[PDB]
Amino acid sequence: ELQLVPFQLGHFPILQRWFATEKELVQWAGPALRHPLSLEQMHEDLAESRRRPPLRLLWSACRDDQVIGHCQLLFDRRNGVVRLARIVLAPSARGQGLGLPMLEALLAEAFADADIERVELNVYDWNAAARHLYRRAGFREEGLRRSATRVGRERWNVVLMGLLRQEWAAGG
């Protein structure tokens, strides 16, 4: 069904189209982002993926040839922790139970290296869709970082969540 393949610039025009406004970019990728999404805005992230070993891995979720989502992994190899980030489905792919398959695939990649013992993520407290999806995928809420992210005149709270390898294995 859904496949995760390495992200490539060849997929950038598809990805760029999923964000209509600055706010949608910020929700996805944080307060540094500006609309339209541009390759220049992704340079630091992509360079992280060219380090050896790689600090970030970027992924495109595809169905056959069609790019329908994006996700990232950030590696803390000293501690054996990976952070999930920048998870999005194309707007036309939302509401079709593709959220969970994408998370399950991403988790598989995160735990592929046997030295990873923990996976984690941040989610804005108001991002109810994302938060429920993460819980369904087996993530436990671990805390709430108050007034952490500045966006305009607002400050957003960040829910922290985590999943241990033995929990991930127990669930599947």
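For every residue, the number given is its place in the sequence shown, counted from 1.
Checklist line | Stretch with the greater mean C-alpha B-factor as recorded in the entry, comparing 8-16 against 147-155 | finding: Averaged over C-alpha atoms, the B-factors run higher in 8-16.
Next item on the list: For the higher mean C-alpha B factor in the entry, choose 39-47 or 57-65.
Entry: Looking at the recorded C-alpha B-factors, 39-47 comes out higher on average.
Check: Highest Cα B-factor in the deposition, which of 103, 123, 29, 112?
Finding: Max CA B-factor in the entry, restricted to 103, 123, 29, 112: 112.
Next item on the list: Would you check the entry's CA temperature factor for residue 93 and let me know if it's in the chain's lowest, middle or highest third?
Entry: Highest third - that is where residue 93 ends up once the chain's C-alpha B-factors are sorted.
Notebook entry, point to check: Should residue 132 be placed in the lowest, middle or highest third of its chain by the C-alpha B factor in the entry?
Noted result: As the PDB entry reports it, the C-alpha B-factor of residue 132 lands in the lowest third of its chain.
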